[PDB]
Amino acid sequence: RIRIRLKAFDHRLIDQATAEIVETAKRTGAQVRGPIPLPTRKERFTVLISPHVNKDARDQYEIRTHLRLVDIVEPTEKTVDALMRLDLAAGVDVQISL
Amino acid sequence: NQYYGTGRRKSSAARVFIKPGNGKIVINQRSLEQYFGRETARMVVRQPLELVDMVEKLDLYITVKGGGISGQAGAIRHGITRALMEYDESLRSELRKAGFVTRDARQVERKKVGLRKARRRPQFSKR
Amino acid sequence: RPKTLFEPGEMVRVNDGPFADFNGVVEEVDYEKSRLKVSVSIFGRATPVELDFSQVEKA
Amino acid sequence: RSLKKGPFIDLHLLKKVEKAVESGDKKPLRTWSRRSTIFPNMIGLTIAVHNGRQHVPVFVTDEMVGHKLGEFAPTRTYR
Amino acid sequence: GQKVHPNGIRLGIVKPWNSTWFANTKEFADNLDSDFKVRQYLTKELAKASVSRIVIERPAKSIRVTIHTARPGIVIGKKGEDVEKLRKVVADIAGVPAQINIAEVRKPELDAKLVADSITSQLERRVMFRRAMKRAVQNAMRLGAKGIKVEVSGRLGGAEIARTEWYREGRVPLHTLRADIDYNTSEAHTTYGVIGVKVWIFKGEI
Amino acid sequence: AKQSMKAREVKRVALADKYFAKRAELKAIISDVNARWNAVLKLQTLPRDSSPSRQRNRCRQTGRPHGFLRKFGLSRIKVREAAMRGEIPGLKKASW
RNA sequence: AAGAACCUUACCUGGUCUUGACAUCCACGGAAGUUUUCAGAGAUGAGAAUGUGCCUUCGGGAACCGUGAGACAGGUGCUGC
RNA sequence: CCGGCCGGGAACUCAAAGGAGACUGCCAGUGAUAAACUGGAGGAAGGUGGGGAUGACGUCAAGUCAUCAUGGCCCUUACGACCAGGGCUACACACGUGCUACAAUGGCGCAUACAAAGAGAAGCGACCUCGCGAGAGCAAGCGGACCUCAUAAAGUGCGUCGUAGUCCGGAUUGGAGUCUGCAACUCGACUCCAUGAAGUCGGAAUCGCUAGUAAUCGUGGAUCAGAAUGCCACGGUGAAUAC
């Protein structure tokens with residue numbers, strides 16, 4: 001009943017990471033819940049596009065922090081011993097809750 | 001046992017579950033008159049039921065969420081129309097002739113830069 | 001259990017969680033939750049994990 | 001207008017006030033602080049308040065009880 | 001003046017981000033500051049080596065930096081000692097352990113940043129800028145794809161009337177989001193002022 | 001290049017880091033009523049440059065005090081330039 | 001200017017320095033830090049209490065501080081014809 | 001245990017990835033047998049469905065040397081720096097952009113069901129306690145579908161005011177204060193008490209808007225120690241008219 005929560009900027013990277021996570025959980029076979037679609041947080045910024053003066057001209061930027069949680073509920077000894085070093089992705093933020 | 005219709009009216013989503021039973025309906029654990037029957041735009045949820053004219057034939061149960069009163073009313077009406085879609089296709093043709101099948105694609109417009117509102121430009125003088 | 005309470009600067013071990021057989025150091029102690037955080041170095045990244053005193057056993 | 005739990009007195013203003021009441025009557029000295037709170041116990045000073053290019057003397061009287069020292073020094077010049 | 005930055009509009013689908021790591025806000029600011037310091041010192045040190053791109057990945061107590069370079073031998077130096085040394089000073093300036101990575105870029109005169117740097121170096125050498133653009137477009141057509149556009153602006157012969165010259169053959173569709181147009185700019189300092197060079201070029205068929 | 005301005009800023013950051021967070025969290029605790037004094041006559045003796053209100057959030061690329069953003073720690077021009085260069089991760093140009 | 005209470009100020013009155021508040025190469029000795037005094041509006045000018053590290057082949061390894069001339073540093077000064 | 005209670009496929013809103021879908025596709029008429037135009041069936045949207053980004057060669061020697069960089073000139077024992085005060089907030093006037101209202105479509109007291117978009121650790125801070133108040137402690141929860149900001153308001157039911165310079169509006173002024181920050185006189189926001197200017201829908205002239213639009217009503221965010229009637233952004237009700 002532990003939950004693994006994952007944050008990323010690239011949804012393709014986080015989906016491939018959680019796909020390898022569920023593939024390593026299911027490569028032998030276990031009762032494992034898939035990743036949940038926890039909502040993406042959007043940081044939006046409107047800043048001025050000219051150095052001196054603007055009236056209508058501003059540029060608009062957005063950061064989408066995509067959020068997943070896989071919630072491993074089934075204990076498997078090989079999964080616990082080797083659920084590290086699977087994705088090898090440097091853009092993925094990992095947290096553990098219970 | 002169940003006949004289901006969702007319906008959406010630009011910020012409101014409903015879920016309509018119908019058993020064949022008594023004609024009294026309920027919306028968010030209270031009746032139509034207790035929810036917005038005192039308010040305006042009350043007849044739109046009766047329009048698909050009074051166009052075909054059944055009153056006590058079916059038993060409705062609707063949970064609606066999001067939006068305002070008329071958005072919720074339009075979502076409930078459109079969930080009733082998807083229930084009639086699940087019923088039959090001749091009545092689908094009748095509701096398409098009436099104008100209730102289409103989900104309303106009129107959402108609110110975004111606020112744009114350099115403007116006070118979505119389309120309202122700020123006033124500028126001649127000089 | 002004897003010495004069931006841990007302190008910072010003392011090595012702890014994970015028993016039930018998925019981080020057994022790795023080194024760890026205690027970062028933050030929550031008195032209200034009655035449970036402790038371990039900062040594990042894994043995937044090149046410092047990762048805080050929250051665990052229970054009766055759930056883990058020290059080495 | 002300020003907080004009723006504590007008045008604001010400068011420490012340098014307080015030591016000037018204590019030295020001035022130690023000495024007694026004294027010719028005015030130039031003080032640069034306009035952020036001050038006065039009291040009826042220390043009404044009687046002839047301390048002068050600085051406002052930019054000109055320095056004006058201030059003789060405090062009995063009716064001012066909580067006013068700033070900068071209120072009596074006009075910072076701006078009008079015709 | 002009125003054009004969008006094409007890399008900045010292609011970042012969503014075609015151009016990869018130059019930094020791909022993740023951070024929350026209170027270390028996001030510090031990571032941008034350390035990223036600029038590392039990139040600025042690395043560009044200053046390897047401007048002689050004529051590098052193309054600097055890509056930073058961080059696991060939040062480590063940094064791993066990949067330099068796309070025309071000549072990897074100049075950067076790796078003599079038996080890895082020089083590259084180990086600037087890896088050491090990058091670790092010292094970032095406060096985290098550092099890994100170095102070298103990616104060779106093929107066709108250096110088809111690489112976008114190196115064309116701007118070469119035209120900048122040629123204007124530092126004070127050869128004719130018009131010949132610099134013709135050599136750039138000729139060599140790109142000779143050993144690569146079929147679209148490149150060069151703009152050279154500012155103090156072109158010291159004329160009073162301002163004039164921007166740009167040379168044109170091939171296709172550079174900038175409004176098309178599918179095509180991979182690499183664009184870069186550079187500044188050349190001379191005794192009559194600074195000259196700005198901006199190059200657009202696509203690489204491959206889709 | 002406003003290096004005087006930036007040196008003033010980093011000097012007051014260093015002085016505020018030296019005279020803050022050693023007794024600053026106890027200021028309200030000592031001053032407030034627990035459910036004049038020598039303690040409060042000592043408390044009204046603190047200097048003025050040690051406060052964090054002395055600081056201004058300035059850019060780190062340039063030192064420009066206007067147009068700042070806390071998340072990037074940069075002025076608006078250099079936020080735009082780094083976004084269009086790709087040096088800011090995840091800052092795709094919004095288009096809704 | 002997506003933020004003017006002396007402080008974010010770039011302007012004014014008054015008080016202070018010409019290697020400078022900020023960067024590098026030098027000659028002389030030392031770390032740091034915490035509670036204060038003699039004057040001040042502060043910038044600033046001079047003494048107390050305390051620890052005195054890995055130490056390199058004992059050149060007291062290495063930020064940091066106080067003196068001095070040139071190298072220099074600084075300018076949100078002018079020129080967007 | 002009337003608080004969405006717990007085994008449950010997760011039915012279903014929802015979130016978030018992979019896709020399907022809408023391409024004049026199909027049929028009639030028009031067009032020259034062409035492109036194309038009009039109408040109709042099906043369908044969630046039919047004719048770039050809606051909106052946004054995307055703004056060619058060039059013009060205005062248009063704007064920024066004050067974001068930064070740079071050519072020339074200038075000070076470099078003063079066009080440099082450190083300070084304490086003040087000014088950037090002045091005031092016989094003139095113009096531009098907005099906010100509040102001139103009222104009954106409304107004002108005051110009570111009850112009443114929802115929103116969407118967000119942000120939160122040098123923070124968001126429910127709740128305990130006192131006060132007809134801004135609001136004062138070691139109070140839980142949260143670094144975020146959980147916890148907080150956060151009672152949504154116009155609206156709907158009443159009771160009252162009955163077309164008055166008024167139970168309309170709040171300017172200005174005087175008392176008693178909170179919060180922030182070392183310190184609100186110049187020079188922050190508020191609420192506790194008191195007064196209640198002008199204002200009776202505004203001349204010549206002039207501005208925005210073709211549908212979820214204009215109007216109107218709330219809400220969040222950026223910078224921010226504290227301070228928006230501005231800016232960005234989100235939702236509720238939602239027109240009239242294009243011969």
# chains A, B, ... in the order shown; residues from 1 in each chain; ligands from 1
$ residues_around --residues "residue 1 (chain C)" --least-positions-apart "2" --cutoff "9 Å" --atoms "only C-alpha atoms (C1' of nucleotides)" --output "PyMOL selection string"
chain C and resi 3-4+54
$ write_last_selection --atoms "C-alpha atoms" --output "PDB file, in the first residue's frame"
ATOM      1  CA  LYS C   3      16.642   1.435  21.138  1.00  0.00           C
ATOM      2  CA  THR C   4      13.465   1.785  19.092  1.00  0.00           C
ATOM      3  CA  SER C  54       7.791  -0.256  14.319  1.00  0.00           C
TER       4      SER C  54
END
$ residues_around --residues "region 146-154 of chain H" --least-positions-apart "5" --cutoff "9 Å" --atoms "only C-alpha atoms (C1' of nucleotides)" --output "VMD selection string"
chain H and resid 115 119 to 120 124 to 126 141 216 to 219 236 to 237
$ interface_residues --of "chain G" --to "chain F" --cutoff "10 Å" --atoms "only C-alpha atoms (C1' of nucleotides)" --output "PyMOL selection string"
chain G and resi 1-3+7-8+21-22+74-76
$ select_by_dssp --residues "chain F" --states "alpha helix (DSSP H)" --output "PyMOL selection string"
chain F and resi 3-18+27-31+38-43+76-85
$ write_last_selection --atoms "C-alpha atoms" --output "compact mmCIF listing (two decimals), in the first residue's frame"
# COMPACT_ATOMS: atom_id res chain seq x y z
CA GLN F 3 27.99 46.83 -10.35
CA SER F 4 27.75 49.37 -7.53
CA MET F 5 24.06 48.51 -7.22
CA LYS F 6 24.74 44.76 -7.24
CA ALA F 7 27.58 45.11 -4.69
CA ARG F 8 25.22 47.07 -2.42
CA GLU F 9 22.61 44.32 -2.84
CA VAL F 10 24.97 41.43 -2.06
CA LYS F 11 26.45 43.35 0.90
CA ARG F 12 23.02 43.85 2.46
CA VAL F 13 22.18 40.18 1.75
CA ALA F 14 25.35 39.18 3.63
CA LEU F 15 24.63 41.58 6.51
CA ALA F 16 21.00 40.42 6.77
CA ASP F 17 22.16 36.78 6.76
CA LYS F 18 24.61 37.65 9.55
CA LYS F 27 11.09 39.12 18.50
CA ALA F 28 7.30 38.70 18.32
CA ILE F 29 7.38 36.15 21.17
CA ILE F 30 9.13 38.54 23.57
CA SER F 31 7.20 41.62 22.38
CA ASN F 38 14.06 46.79 30.13
CA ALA F 39 13.41 43.97 27.64
CA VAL F 40 11.51 46.22 25.23
CA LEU F 41 13.96 49.11 25.72
CA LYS F 42 16.61 46.62 24.62
CA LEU F 43 14.37 45.38 21.77
CA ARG F 76 11.73 39.60 -18.08
CA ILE F 77 14.04 40.13 -21.09
CA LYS F 78 16.47 37.40 -20.07
CA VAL F 79 13.58 35.07 -19.15
CA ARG F 80 12.31 35.55 -22.72
CA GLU F 81 15.79 35.11 -24.22
CA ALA F 82 16.56 31.94 -22.24
CA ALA F 83 13.09 30.56 -23.04
CA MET F 84 13.60 31.11 -26.77
CA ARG F 85 17.12 29.68 -26.54
$ interface_residues --of "chain C" --to "chain A" --cutoff "12 Å" --atoms "only C-alpha atoms" --output "list in words"
residues 14, 15, 16, 17, 18, 19, 20, 21, 22, 35, 36, 37, 38, 39, 40, 41, 42, 43, 44, 45, 46, 47, 48, 49, 50, 51, 52 and 55 of chain C
$ residues_around --residues "residue 69 (chain D)" --least-positions-apart "2" --cutoff "6 Å" --atoms "only C-alpha atoms (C1' of nucleotides)" --output "list in words"
residues 34, 36 and 71 of chain D
$ residues_around --residues "residue 38 (chain B)" --least-positions-apart "6" --cutoff "10 Å" --atoms "only C-alpha atoms (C1' of nucleotides)" --output "ChimeraX atom specification"
/B:32 /H:156-157
$ write_last_selection --atoms "N, CA and C atoms (P, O5', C5', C4', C3', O3' and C1' of nucleotides)" --output "PDB file, in the first residue's frame"
ATOM      1  N   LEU B  32     -36.617  18.876  -8.289  1.00  0.00           N
ATOM      2  CA  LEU B  32     -36.437  19.956  -9.255  1.00  0.00           C
ATOM      3  C   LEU B  32     -36.897  21.296  -8.691  1.00  0.00           C
TER       4      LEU B  32
ATOM      5  P     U H 156     -34.221  37.356  -9.159  1.00  0.00           P
ATOM      6  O5'   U H 156     -34.632  36.131  -8.230  1.00  0.00           O
ATOM      7  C5'   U H 156     -34.821  34.834  -8.775  1.00  0.00           C
ATOM      8  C4'   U H 156     -34.880  33.789  -7.692  1.00  0.00           C
ATOM      9  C3'   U H 156     -35.915  34.024  -6.607  1.00  0.00           C
ATOM     10  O3'   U H 156     -37.218  33.639  -7.005  1.00  0.00           O
ATOM     11  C1'   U H 156     -33.856  33.398  -5.619  1.00  0.00           C
ATOM     12  P     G H 157     -38.492  34.480  -6.507  1.00  0.00           P
ATOM     13  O5'   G H 157     -38.805  33.869  -5.071  1.00  0.00           O
ATOM     14  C5'   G H 157     -39.625  34.572  -4.150  1.00  0.00           C
ATOM     15  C4'   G H 157     -39.448  34.051  -2.746  1.00  0.00           C
ATOM     16  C3'   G H 157     -39.882  34.994  -1.638  1.00  0.00           C
ATOM     17  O3'   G H 157     -41.277  34.944  -1.402  1.00  0.00           O
ATOM     18  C1'   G H 157     -37.747  34.099  -1.135  1.00  0.00           C
TER      19        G H 157
END
$ atom_distance --atom1 "CA of residue 160 (chain E)" --atom2 "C1' of residue 61 (chain H)"
8.9 Å
$ residues_around --residues "residue 66 (chain A)" --least-positions-apart "2" --cutoff "6 Å" --atoms "only C-alpha atoms (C1' of nucleotides)" --output "list in words"
residues 7, 8, 40 and 64 of chain A
$ select_by_dssp --residues "region 69-193 of chain E" --states "strand (DSSP E)" --output "VMD selection string"
chain E and resid 69 98 to 104 147 to 153 165 to 170 181 to 190 193
$ write_last_selection --atoms "N, CA, C and O atoms" --output "compact mmCIF listing (two decimals), in the first residue's frame"
# COMPACT_ATOMS: atom_id res chain seq x y z
N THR E 69 30.35 19.18 -30.17
CA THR E 69 31.60 19.79 -30.59
C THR E 69 31.93 19.34 -32.01
O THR E 69 31.62 18.20 -32.39
N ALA E 98 30.54 16.26 -11.07
CA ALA E 98 30.33 16.56 -12.48
C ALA E 98 30.76 15.39 -13.35
O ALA E 98 31.81 14.78 -13.12
N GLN E 99 29.94 15.09 -14.35
CA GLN E 99 30.27 14.17 -15.43
C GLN E 99 30.32 14.93 -16.75
O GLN E 99 29.50 15.82 -17.01
N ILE E 100 31.29 14.58 -17.57
CA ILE E 100 31.51 15.23 -18.86
C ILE E 100 31.12 14.25 -19.95
O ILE E 100 31.19 13.03 -19.79
N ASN E 101 30.62 14.79 -21.06
CA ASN E 101 30.21 13.99 -22.20
C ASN E 101 30.46 14.79 -23.47
O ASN E 101 30.18 15.99 -23.52
N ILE E 102 31.01 14.13 -24.48
CA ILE E 102 31.36 14.77 -25.74
C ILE E 102 30.55 14.13 -26.85
O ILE E 102 30.58 12.90 -27.03
N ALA E 103 29.81 14.95 -27.60
CA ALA E 103 29.05 14.49 -28.75
C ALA E 103 29.60 15.18 -29.99
O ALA E 103 29.53 16.40 -30.11
N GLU E 104 30.16 14.39 -30.91
CA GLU E 104 30.68 14.93 -32.15
C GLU E 104 29.53 15.31 -33.07
O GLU E 104 28.61 14.52 -33.29
N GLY E 147 18.70 24.18 -47.72
CA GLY E 147 18.14 25.45 -47.29
C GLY E 147 18.83 26.11 -46.12
O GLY E 147 18.92 25.54 -45.02
N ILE E 148 19.25 27.35 -46.35
CA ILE E 148 19.98 28.17 -45.38
C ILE E 148 19.80 29.63 -45.79
O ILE E 148 19.72 29.96 -46.97
N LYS E 149 19.66 30.50 -44.78
CA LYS E 149 19.50 31.93 -44.96
C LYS E 149 20.37 32.61 -43.91
O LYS E 149 20.34 32.24 -42.74
N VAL E 150 21.16 33.59 -44.35
CA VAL E 150 22.09 34.32 -43.50
C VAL E 150 21.73 35.80 -43.55
O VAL E 150 21.51 36.34 -44.64
N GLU E 151 21.65 36.44 -42.39
CA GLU E 151 21.44 37.88 -42.28
C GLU E 151 22.59 38.49 -41.51
O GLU E 151 22.87 38.08 -40.38
N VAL E 152 23.25 39.49 -42.10
CA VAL E 152 24.38 40.18 -41.50
C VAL E 152 23.99 41.65 -41.39
O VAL E 152 23.72 42.31 -42.40
N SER E 153 23.96 42.17 -40.15
CA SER E 153 23.37 43.47 -39.87
C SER E 153 24.32 44.33 -39.05
O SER E 153 24.95 43.85 -38.10
N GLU E 165 21.67 43.07 -45.42
CA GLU E 165 21.81 42.18 -46.57
C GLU E 165 21.63 40.73 -46.16
O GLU E 165 22.23 40.27 -45.19
N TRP E 166 20.79 40.03 -46.92
CA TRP E 166 20.48 38.63 -46.69
C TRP E 166 20.48 37.90 -48.03
O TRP E 166 20.01 38.45 -49.03
N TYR E 167 21.03 36.69 -48.05
CA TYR E 167 21.26 35.96 -49.28
C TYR E 167 20.37 34.73 -49.33
O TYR E 167 20.14 34.08 -48.31
N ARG E 168 19.87 34.42 -50.53
CA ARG E 168 18.67 33.61 -50.69
C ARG E 168 18.79 32.67 -51.87
O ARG E 168 18.76 33.12 -53.02
N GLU E 169 18.91 31.37 -51.58
CA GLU E 169 18.60 30.30 -52.51
C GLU E 169 18.38 29.03 -51.69
O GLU E 169 19.12 28.77 -50.73
N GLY E 170 17.35 28.26 -52.05
CA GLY E 170 16.84 27.20 -51.20
C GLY E 170 15.58 27.65 -50.49
O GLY E 170 15.09 28.76 -50.66
N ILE E 181 14.24 23.63 -38.62
CA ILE E 181 15.10 24.76 -38.91
C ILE E 181 15.89 25.07 -37.65
O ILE E 181 15.32 25.44 -36.62
N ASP E 182 17.21 24.92 -37.73
CA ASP E 182 18.10 25.36 -36.67
C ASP E 182 18.54 26.78 -36.97
O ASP E 182 18.94 27.10 -38.10
N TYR E 183 18.42 27.65 -35.97
CA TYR E 183 18.70 29.07 -36.10
C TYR E 183 19.62 29.49 -34.96
O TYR E 183 19.44 29.04 -33.82
N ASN E 184 20.59 30.34 -35.27
CA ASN E 184 21.48 30.86 -34.24
C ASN E 184 21.97 32.24 -34.62
O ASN E 184 22.02 32.60 -35.80
N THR E 185 22.36 33.01 -33.60
CA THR E 185 22.85 34.36 -33.79
C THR E 185 24.19 34.53 -33.08
O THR E 185 24.52 33.78 -32.15
N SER E 186 24.97 35.50 -33.55
CA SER E 186 26.28 35.77 -33.01
C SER E 186 26.64 37.23 -33.24
O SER E 186 26.06 37.91 -34.10
N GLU E 187 27.61 37.71 -32.46
CA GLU E 187 28.01 39.12 -32.47
C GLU E 187 29.51 39.20 -32.73
O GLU E 187 30.30 38.53 -32.06
N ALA E 188 29.89 40.03 -33.69
CA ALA E 188 31.29 40.26 -34.03
C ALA E 188 31.68 41.69 -33.65
O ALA E 188 31.04 42.64 -34.11
N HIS E 189 32.72 41.82 -32.84
CA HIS E 189 33.18 43.11 -32.35
C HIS E 189 34.32 43.61 -33.22
O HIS E 189 35.31 42.90 -33.42
N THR E 190 34.19 44.82 -33.74
CA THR E 190 35.19 45.45 -34.58
C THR E 190 35.33 46.91 -34.15
O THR E 190 34.51 47.43 -33.40
N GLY E 193 32.26 48.82 -34.71
CA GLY E 193 31.05 48.47 -33.99
C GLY E 193 30.84 46.97 -33.94
O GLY E 193 31.73 46.18 -34.24
$ residues_around --residues "region 188-191 of chain H" --least-positions-apart "2" --cutoff "6 Å" --atoms "only C-alpha atoms (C1' of nucleotides)" --output "number ranges by chain"
H: 133-134, 227
$ residues_around --residues "residue 78 (chain G)" --least-positions-apart "5" --cutoff "12 Å" --atoms "only C-alpha atoms (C1' of nucleotides)" --output "number ranges by chain"
H: 65, 72-74, 79
$ interface_residues --of "chain D" --to "chain H" --cutoff "10 Å" --atoms "only C-alpha atoms (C1' of nucleotides)" --output "PyMOL selection string"
chain D and resi 1-4+8-10+32-36+49-53+67-78
$ interface_residues --of "chain A" --to "chain F" --cutoff "7 Å" --atoms "only C-alpha atoms" --output "PyMOL selection string"
chain A and resi 9+47-48+51+60-64
$ write_last_selection --atoms "N, CA and C atoms" --output "PDB file, in the first residue's frame"
ATOM      1  N   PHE A   9       8.647  17.178 -16.623  1.00  0.00           N
ATOM      2  CA  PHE A   9       8.261  18.165 -17.623  1.00  0.00           C
ATOM      3  C   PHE A   9       7.833  17.511 -18.931  1.00  0.00           C
ATOM      4  N   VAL A  47       4.917  37.746 -19.817  1.00  0.00           N
ATOM      5  CA  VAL A  47       5.930  38.779 -19.641  1.00  0.00           C
ATOM      6  C   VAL A  47       5.994  39.630 -20.902  1.00  0.00           C
ATOM      7  N   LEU A  48       6.629  40.793 -20.767  1.00  0.00           N
ATOM      8  CA  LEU A  48       6.689  41.751 -21.861  1.00  0.00           C
ATOM      9  C   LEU A  48       7.703  41.287 -22.896  1.00  0.00           C
ATOM     10  N   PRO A  51      11.918  45.420 -24.849  1.00  0.00           N
ATOM     11  CA  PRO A  51      12.699  45.969 -23.731  1.00  0.00           C
ATOM     12  C   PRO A  51      12.181  47.300 -23.217  1.00  0.00           C
ATOM     13  N   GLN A  60       3.697  34.666 -23.805  1.00  0.00           N
ATOM     14  CA  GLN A  60       2.975  33.848 -22.847  1.00  0.00           C
ATOM     15  C   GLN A  60       3.621  32.471 -22.792  1.00  0.00           C
ATOM     16  N   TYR A  61       3.983  32.030 -21.591  1.00  0.00           N
ATOM     17  CA  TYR A  61       4.753  30.810 -21.402  1.00  0.00           C
ATOM     18  C   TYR A  61       4.050  29.910 -20.394  1.00  0.00           C
ATOM     19  N   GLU A  62       4.295  28.605 -20.516  1.00  0.00           N
ATOM     20  CA  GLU A  62       3.620  27.623 -19.676  1.00  0.00           C
ATOM     21  C   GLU A  62       4.550  26.456 -19.375  1.00  0.00           C
ATOM     22  N   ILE A  63       4.641  26.107 -18.094  1.00  0.00           N
ATOM     23  CA  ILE A  63       5.298  24.894 -17.625  1.00  0.00           C
ATOM     24  C   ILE A  63       4.222  23.908 -17.198  1.00  0.00           C
ATOM     25  N   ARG A  64       4.248  22.713 -17.778  1.00  0.00           N
ATOM     26  CA  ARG A  64       3.335  21.637 -17.414  1.00  0.00           C
ATOM     27  C   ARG A  64       4.119  20.599 -16.625  1.00  0.00           C
TER      28      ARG A  64
END
